[PDB]
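Structure first, commentary second.
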Number of protein chains: 10
Amino acid sequence: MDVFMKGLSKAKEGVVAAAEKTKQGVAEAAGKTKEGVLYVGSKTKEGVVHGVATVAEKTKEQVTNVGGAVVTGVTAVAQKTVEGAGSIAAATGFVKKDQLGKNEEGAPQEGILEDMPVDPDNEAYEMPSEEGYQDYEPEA
Amino acid sequence: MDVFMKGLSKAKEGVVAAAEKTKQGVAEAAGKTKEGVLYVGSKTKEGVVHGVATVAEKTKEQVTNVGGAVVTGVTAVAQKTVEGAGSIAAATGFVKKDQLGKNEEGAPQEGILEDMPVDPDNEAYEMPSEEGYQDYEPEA
Amino acid sequence: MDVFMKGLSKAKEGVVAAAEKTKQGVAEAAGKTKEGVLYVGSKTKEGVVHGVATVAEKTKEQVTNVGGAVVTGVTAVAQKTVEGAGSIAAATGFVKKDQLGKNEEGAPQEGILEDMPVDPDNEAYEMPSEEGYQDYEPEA
Amino acid sequence: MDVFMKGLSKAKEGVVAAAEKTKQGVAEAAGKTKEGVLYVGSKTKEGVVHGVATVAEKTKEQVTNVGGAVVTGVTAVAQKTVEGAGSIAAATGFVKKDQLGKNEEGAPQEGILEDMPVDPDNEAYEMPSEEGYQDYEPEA
Amino acid sequence: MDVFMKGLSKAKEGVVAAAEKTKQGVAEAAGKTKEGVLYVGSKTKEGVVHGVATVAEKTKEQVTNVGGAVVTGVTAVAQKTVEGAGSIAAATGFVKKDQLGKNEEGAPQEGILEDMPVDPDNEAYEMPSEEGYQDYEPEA
Amino acid sequence: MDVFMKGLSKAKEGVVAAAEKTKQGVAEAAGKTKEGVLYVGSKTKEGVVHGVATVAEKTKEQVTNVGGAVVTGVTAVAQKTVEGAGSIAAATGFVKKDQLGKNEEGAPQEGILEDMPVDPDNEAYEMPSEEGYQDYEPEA
Amino acid sequence: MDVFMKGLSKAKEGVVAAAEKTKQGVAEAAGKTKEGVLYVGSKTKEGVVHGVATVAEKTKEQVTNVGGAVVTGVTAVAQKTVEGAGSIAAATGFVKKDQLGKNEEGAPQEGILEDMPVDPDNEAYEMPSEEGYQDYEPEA
Amino acid sequence: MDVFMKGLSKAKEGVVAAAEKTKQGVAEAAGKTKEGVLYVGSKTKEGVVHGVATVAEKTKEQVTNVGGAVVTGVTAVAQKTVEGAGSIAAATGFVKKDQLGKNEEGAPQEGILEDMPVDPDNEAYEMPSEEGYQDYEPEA
Amino acid sequence: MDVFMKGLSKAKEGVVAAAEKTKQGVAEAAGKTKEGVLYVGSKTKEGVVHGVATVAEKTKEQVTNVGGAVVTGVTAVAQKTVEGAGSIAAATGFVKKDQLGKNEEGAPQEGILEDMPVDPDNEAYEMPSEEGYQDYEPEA
Amino acid sequence: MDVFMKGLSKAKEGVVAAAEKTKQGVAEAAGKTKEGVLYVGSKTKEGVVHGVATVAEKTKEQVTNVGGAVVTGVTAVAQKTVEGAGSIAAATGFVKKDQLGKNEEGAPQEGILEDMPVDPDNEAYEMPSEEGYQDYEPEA
């Protein structure tokens with residue numbers, strides 16, 4: 001009446017007969033309390049920095065002129081390992097300027113012109129004021 | 001043979017009641033209380049920074065002119081490992097300028113490259129240096 | 001060999017035998033109360049920063065002129081690990097103007113004795129005939 | 001003839017077990033109260049920042065001119081790990097200006113990652129003929 | 001002093017010839033009250049920031065001119081981990097000028113627009129393998 | 001820290017207390033009252049920020065000109081973890097003008113028929129039903 | 001006067017119960033009153049912010065000009081975790097200018113058609129210009 | 001209706017209502033009064049903000065010009081977790097200029113396959129199943 | 001003869017403080033409690049930096065002019081391993097300019113003809129026995 | 001040769017099996033508690049730097065002029081191994097400038113003045129006639 005018939009062959013279901021039992025493991029003391037690790041009075045530090053700066057009098061910074069970069073005071077960094085092409089780990093004042101362009105120079109093709117005489121003939125010289133037109137009872 | 005008198009049965013008498021001959025396993029310890037780990041008086045720190053700056057008088061910053069970048073005071077950073085091409089971990093004042101535009105040339109070909117040679121017979125060719133030493137001192 | 005008569009002192013013990021009492025144990029015990037971990041007097045810190053700045057007098061910032069970037073005072077950062085191309089972990093004053101670009105140099109920069117040399121593309125040939133008049137201006 | 005069937009066992013008035021036979025009768029100290037973990041006097045901190053700034057006199061900010069960016073005062077950040085291409089963890093004053101630029105359609109990187117490089121003896125193929133032992137040598 | 005030492009409250013305890021040889025009778029002690037975890041005097045903090053700024057005199061902000069961005073005062077942030085391409089965790093003053101308008105490209109030329117279906121080269125639904133014939137792309 | 005007045009420690013074996021005697025150790029019971037967890041004197045904080053700013057004199061903000069963005073005063077944020085491409089956790093003054101990326105995804109597919117450039121009136125004659133009858137009277 | 005607990009037969013008893021009696025012999029505790037958890041002196045806070053700002057004199061805001069965005073005063077936020085592409089957790093002054101396209105998309109037009117009868121509207125209550133037929137249709 | 005007759009020994013307490021009973025005065029020695037949890041001296045806060053601002057003199061807001069957005073005073077927010085693409089948790093002054101255009105929310109739809117006809121191939125098998133010709137009797 | 005010996009004729013050096021302890025004795029046991037590792041009084045540090053700078057009087061910075069870069073004060077960095085082409089681990093003041101080199105002409109600080117101050121000790125070219133070229137020509 | 005290789009099954013004397021039993025620990029003590037490693041009084045440091053600078057009087061920095069780079073004070077770095085072509089591990093004051101000849105013209109000596117104040121329209125007609133056809137298939 002079963003929907004599907006089944007048959008045994010190799011009988012692979014648990015030949016090892018594994019079970020929670022130790023052969024002749026019976027004893028007064030078995031499986032003692034394992035001890036992990038003990039740490040007493042130990043100091044561990046990884047990646048730590050501390051900087052202290054004290055200034056009483058004045059620095060006196062009148063006129064300062066620097067082309068590249070300038071760093072004053074105190075700088076501290078804590079690192080272990082670093083990797084990278086063209087990479088920088090610790091750098092005080094970093095400035096890069098480039099402008100090679102095409103590595104070529106050429107004179108200006110333009111800069112040319114031609115004669116353009118307006119040939120002035122008006123002696124009026126603008127002069128908006130004092131109009132030659134004399135109207136009746138001038139508002140001015 | 002007879003002198004052996006069997007074994008563990010020499011008495012072959014005594015009493016069976018209240019014999020208490022068997023240990024009955026009165027004392028038996030199994031699966032003791034496992035002990036993990038113990039930590040007493042331990043300090044652990046990872047990635048920590050502390051900076052202190054004190055200024056009494058004045059700095060006196062009249063006129064300051066810097067092209068690139070300038071950093072003053074105190075800077076501190078805590079790191080362990082860093083990776084990245086062109087990457088920067090710690091940099092005080094970072095400025096990169098690469099202006100590119102306006103080109104006089106406009107011909108299809110930027111240049112003809114006159115540097116056809118790939119193995120110059122000059123410069124490197126010049127090898128006036130001698131591998132041998134000026135003075136001779138061979139050991140027989 | 002009477003030598004010395006008397007000298008009775010058998011009271012003094014010269015052997016351990018078994019004159020020692022044992023302490024009472026826990027007797028029968030199964031599945032003792034497992035002990036996890038114990039922590040007493042322990043300090044743990046990860047990623048912490050503390051900065052203190054005190055200024056009494058004045059800084060005196062009359063005229064300040066900077067092209068790139070400028071950072072003054074105190075800056076502190078706590079980090080452990082960082083990754084990323086072109087990435088920056090700690091940078092005081094970051095300014096980038098324009099950019100060159102990126103090229104994997106797909107074209108063959110170098111070649112080993114090419115039997116049939118060929119330009120990347122285009123490869124436009126030319127022949128002599130007439131030179132362009134656009135050049136010098138020899139009026140007389 | 002036993003007058004008393006009970007056997008005058010009035011001495012006993014309690015029964016903990018019947019006939020004794022291989023009866024261990026444990027039921028003693030089983031499943032002790034497991035102890036989790038104990039914490040006494042422990043400090044734990046992750047991702048914490050504290051900054052203090054005190055200014056008495058005046059800064060005196062008359063005229064300030066900066067092209068890129070400028071950050072003054074105190075800046076502090078607490079981080080553990082960071083990842084991202086072109087990403088920035090801590091940056092004081094970030095400014096990027098691009099007058100001329102172009103994107104490679106955001107095409108994927110070649111990532112050749114060659115694992116089979118070729119670099120043998122590379123002996124010079126060319127072999128110009130030279131006078132001496134070879135051919136005829138009447139002059140020498 | 002009613003017995004001169006070894007008296008008063010001292011009489012006798014335990015020590016029996018044989019009477020009461022049986023201890024109590026039976027003990028259950030099953031399923032002891034399990035103990036979770038105990039916490040006494042412990043401090044835990046995750047993601048916390050505290051900033052204090054005090055200013056007495058005046059700053060004196062007459063004329064200020066900045067192209068990019070400027071941040072003054074105190075800024076503090078508490079973070080543990082961050083991830084994201086082009087993402088920023090902590091940045092004081094962020095300004096990006098991408099702008100628009102590309103005159104470099106100028107008028108179109110190699111547009112090669114998809115024309116109407118003509119002589120289809122995709123006979124098969126799946127696209128052809130890019131690999132065909134090559135072995136001079138690396139050449140170390 | 002600056003070391004402790006306690007002195008330099010290199011051993012100082014921990015003090016161990018005698019077990020003395022065990023309090024009974026057997027209550028003779030089943031299903032003892034399980035003990036959850038005990039908390040006495042514990043501080044827990046997650047995501048907290050506190051900022052204090054005090055200004056006496058005046059700032060003196062006459063003329064201020066900034067192209068990008070400017071943030072003055074005090075800013076504090078408490079976070080643990082953050083993720084997102086192009087996302088920003090903490091940024092003081094964020095301004096982005098235009099973007100290099102483009103390539104519009106094209107106009108949405110809805111049809112220009114959605115417009116009504118002719119016969120604005122519609123469904124005016126249509127009114128077979130209104131899915132049930134209901135009263136209405138908008139405020140006026 | 002508050003009784004902490006009631007003692008049982010504290011005073012010495014003249015006689016003791018006879019163990020011979022079977023009634024009310026012994027009683028083992030079953031199902032003890034389980035103890036949940038105990039909390040005494042504990043502080044818990046999640047997502048809390050507190051900002052205090054005090055200003056005596058005046059700020060003096062005469063003329064202020066900012067292109068992007070500007071935030072002054074005090075800003076504080078409490079968060080734990082955040083996720084989202086292009087999302088922002090804390091940002092003081094956020095402004096993004098896309099300006100997709102440009103003004104007057106249509107190319108210059110000399111108004112090929114002076115008239116423009118589109119999107120009819122009531123001219124009632126409106127008379128920006130004289131509109132109608134030039135015909136006067138004289139009575140006679 | 002208006003029942004008043006009482007049943008003799010007929011009435012009986014149900015097990016439904018009897019299921020629920022007060023937990024007090026229970027039987028002693030068995031089923032001790034379980035103890036829930038005890039809380040004494042505990043502070044709990046989740047999502048709380050408090051801001052205080054005091055101004056004596058005047059701000060002096062003569063002429064203010066801002067393109068993007070500007071926020072002055074004090075802003076505080078309390079949050080724990082936030083999620084959403086393009087979402088913002090805390091932002092002071094948010095302005096986006098993009099012709100009120102939409103960025104199209106939601107993930108992209110699958111590519112366009114066929115108009116309607118399908119040609120299953122991954123369904124090929126030793127005994128392909130025929131599709132019912134019923135097709136829900138489509139109008140077609 | 002003169003040989004001396006003890007009354008007991010003992011041929012062994014005297015010893016004190018047996019210490020004993022660590023006696024395994026005789027008893028059954030299986031799976032002893034394994035012992036991990038023990039750490040008592042140990043200091044471990046990796047990647048740590050500490051800098052302290054104290055200034056009483058003033059620096060006196062009147063006029064400062066630097067072309068490249070200048071760094072004053074104290075700089076300290078902690079690193080283990082670094083790798084990268086063109087990469088820099090620790091650099092105080094980094095500035096690179098690649099726009100247009102000037103005509104920095106300059107003559108060499110050394111350039112003389114090989115006069116050969118010392119020559120082989122040849123008797124033919126060296127005649128210490130005779131001073132000068134004077135020729136002997138005595139009248140007698 | 002000799003039919004039936006089998007033979008010499010019976011030993012002349014004694015047994016072939018080893019007297020000693022393999023894999024001991026059959027009982028008594030087996031699997032002793034392995035001991036990891038013990039560390040008492042040990043100091044380990046990797047990558048650590050410490051610099052201290054104290055200045056009483058003044059430095060007296062009147063006029064300072066440096067072409068390349070200058071570093072004053074104290075600089076210390078801790079490293080183990082470094083690799084990279086053209087890479088620098090520790091360098092105080094690094095400045096590199098290009099050195100190209102040319103520069104024949106374009107000197108600042110020449111002044112540039114904008115001509116044609118009226119700025120007349122130029123020839124922007126960059127669309128010359130070019131050969132090309134929609135279809136190409138000569139029938140000849």
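Chain identifiers are assigned as A, B, and so on, following the order in which chains appear in the structure tokens; residues are numbered from 1 within each chain, and ligands are numbered from 1 in order of appearance.
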(message) When you look at stretch 97-108 of chain D with a cut-off of 12 Å (counting only C-alpha atoms), what residues show up, excluding the ones that are within fewer than 4 positions of it in the same chain? I need them as JSON, numbers by chain.
(response) {"B": [95, 96, 97, 98, 99, 100, 101, 102], "C": [68, 94, 95, 96, 97, 98, 99, 100, 101, 102, 103, 104], "D": [67, 68, 69, 112], "E": [67, 68, 69, 94, 95, 96, 97, 98, 99, 100, 101, 102, 103, 104, 105], "F": [68, 95, 96, 97, 98, 99, 100, 101, 102, 103]}
(request) Go through stretch 64-120 of chain A and collect every residue that DSSP, computed from the backbone, puts in strand (DSSP E or B); the answer should be as a VMD selection string. (result) chain A and resid 64 to 66 70 to 78 81 to 83 88 to 98
(message) What does the Cα RMSD come to when chain C is optimally superposed on chain F over every C-alpha atom in order?
(response)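 C-alpha RMSD, chain C fitted to chain F: 23.8 Å.
Interatomic distance, atom CA of residue F:52 to atom CA of residue E:55: 11.3 Å.
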Neighbours of chain I in chain B at 9 Å, counting only C-alpha atoms, as a PDB file with C-alpha atoms, in the first residue's frame:
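Result file is iface17.pdb:
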```pdb
ATOM      1  CA  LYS B  34      35.595  23.577  33.030  1.00  0.00           C
ATOM      2  CA  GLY B  68      51.204  75.472  -1.070  1.00  0.00           C
ATOM      3  CA  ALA B  78      46.493  56.590  15.720  1.00  0.00           C
ATOM      4  CA  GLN B  79      46.528  53.904  13.004  1.00  0.00           C
ATOM      5  CA  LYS B  80      47.642  50.243  12.680  1.00  0.00           C
ATOM      6  CA  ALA B  85      47.700  53.201  -4.316  1.00  0.00           C
ATOM      7  CA  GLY B  86      48.257  56.959  -4.176  1.00  0.00           C
TER       8      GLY B  86
END
```
(request) Write out as a list in words which residues come within 7 Å of residue E:27 when counting only C-alpha atoms, dropping same-chain ones fewer than 2 positions away. (result) residues 28 of chain D; 29 of chain E; 28 of chain F
(request) Please indicate the distance in Å from atom CA of residue E:26 to atom CA of residue D:16, rounded to one decimal place. (result) 7.8 Å
(request) Using atom CA of residue F:25 and atom CA of residue E:24 as the two end points, give the distance in Å to one decimal. (result)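 Computed distance, atom CA of residue F:25 to atom CA of residue E:24, equals 14.1 Å.
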